[PDB]
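All chains are identified by letter, namely A, B, C, D and E, in their written order; residue positions are counted from 1 within each chain.
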Amino acid sequence: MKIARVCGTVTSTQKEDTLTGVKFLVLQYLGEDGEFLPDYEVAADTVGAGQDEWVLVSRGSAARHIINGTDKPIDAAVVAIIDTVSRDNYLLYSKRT
Amino acid sequence: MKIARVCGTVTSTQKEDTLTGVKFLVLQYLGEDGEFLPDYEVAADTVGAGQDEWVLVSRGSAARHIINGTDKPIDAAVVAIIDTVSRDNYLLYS
Amino acid sequence: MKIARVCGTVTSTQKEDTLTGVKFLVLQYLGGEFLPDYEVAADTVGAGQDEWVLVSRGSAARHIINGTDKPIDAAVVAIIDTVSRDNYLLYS
Amino acid sequence: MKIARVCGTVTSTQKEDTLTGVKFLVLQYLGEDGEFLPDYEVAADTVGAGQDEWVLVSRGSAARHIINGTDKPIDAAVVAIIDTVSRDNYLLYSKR
Amino acid sequence: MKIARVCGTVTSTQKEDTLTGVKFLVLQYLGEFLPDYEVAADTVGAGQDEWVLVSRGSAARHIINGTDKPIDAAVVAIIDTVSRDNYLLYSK
């Protein structure tokens, strides 16, 4: 999985029937030391991730194993909203509780 | 999924038999700050996307889960036509 | 899928019993020009030297005819007649 | 698979209920010459890897075949803690 | 599939139980070699410096008895020959 931040949304009306009701988040990947990387992923979200929150994103067939994702033609999804990130036992990020 | 713009088409007669009737679109991947990369993809379209339109492209086995995609040897598919893209509360595309 | 041209072949006598009969093509990826990355791929469609092909990668490749339960990562799934960008042809 | 080193953790209390109990490790991928890259991956661990330990990480559907991983939406897993890595007759890593 | 050569080995004792017996080879991808490596399961019995086809993703589990093995890379063939644009790039 990869760490990213929620940076936006994608909207559509003309799409695969299987994607009705699917909320599309734009994600910006985060690199070393929280770096805002020039790289993004449109991902489905069934967790409830807010703008600017840090998330874990899974890509490939894993996306289809989110709740109700089985028949969905999606290759990226939010599977967790990050509460904490740490390196060598020291905190570098925390979420608003 | 990636954001991409429809830029062309691919046709073929000599092909795996399961691909009969599958429309192929040439797609161009969106880079950064509204720019499109010199990277392309060829994807199946069961949504009905056209030239210059923006779309969501899903890759891998996801493609086989489009309408009639079962057991087709395709690793890329248009799954949505995009109406709007916001990033950091700025309406990048509409 | 990606666009490529058939540039060569690969042979092996020491291999998974599952790859029996499988022919191995070498593909050179295209960018309207061609490019330095290679893919080794299966083919049943009859793609020959210099022909333009569409290559599908990952589990898709096992969905070619007789591809079931073959440990193959990539396959030619079509030979290309035309490729149009906007209002012109990069290739026919 | 890729070789990587364990260099941290991620925690989440709001997530897919399938992932309950899932230990998340932050991994750092080996580049060349014994030197690690600034590319990172968050992977599930059922092997019990710890800080600074070298590991083999498998990605994609492979990650769901770890013990108990069947229907988990995970695309990266630690599948082995490394004892040695060779590149010839030399020894890029030894746990010892 | 990717052309690589075998440049080393990885051993482990604490690991997923399904991987008992699995030999791990270090590979370096491809007319000469890149800084990019991969570690892969070997059931064909490849050796140091030999060229090989590596298959990645779910393909790796369609090797002999790989069904429930958490592996995403596998040596599926030892290469005897590689040909490119009417010219021979590799053989022994």
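Here is the rule we go by: a contact is a pair of C-beta atoms (placed from the backbone, for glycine too) under 8 Å apart; a residue touches a chain by one contact, two chains touch by 3 or more.
Peer 1: Starting at chain A, how many touch steps does it take at minimum to reach chain E?
Peer 2: 2
Peer 1: So, what's the distance in Å between the C-alpha centres of chain E and chain B?
Peer 2: 32
Peer 1: List the centre-to-centre spacing of chain B and chain C in whole Å, with centres computed as mean CA coordinates.
Peer 2: 20
Peer 1: Pull out every residue in chain E that's touching 2 or more other chains.
Peer 2: Each of 57-58, 60 in chain E touches at least two other chains.
Peer 1: Name the chains in ring order, counting from chain C in the direction that reaches chain E next.
Peer 2: C, E, D, A, B
Peer 1: Taking the complex as given, what residues does chain B use to touch chain A?
Peer 2: 1-3, 31-32, 46-48, 56, 58-63, 65-67, 69, 77, 79-89, 92
Peer 1: Please output the residues of chain C touching chain E within their complex, sorted ascending.
Peer 2: Checking each residue of chain C against chain E gives 7-19, 24, 26, 38-41, 49, 58-59, 61-62, 69-74.
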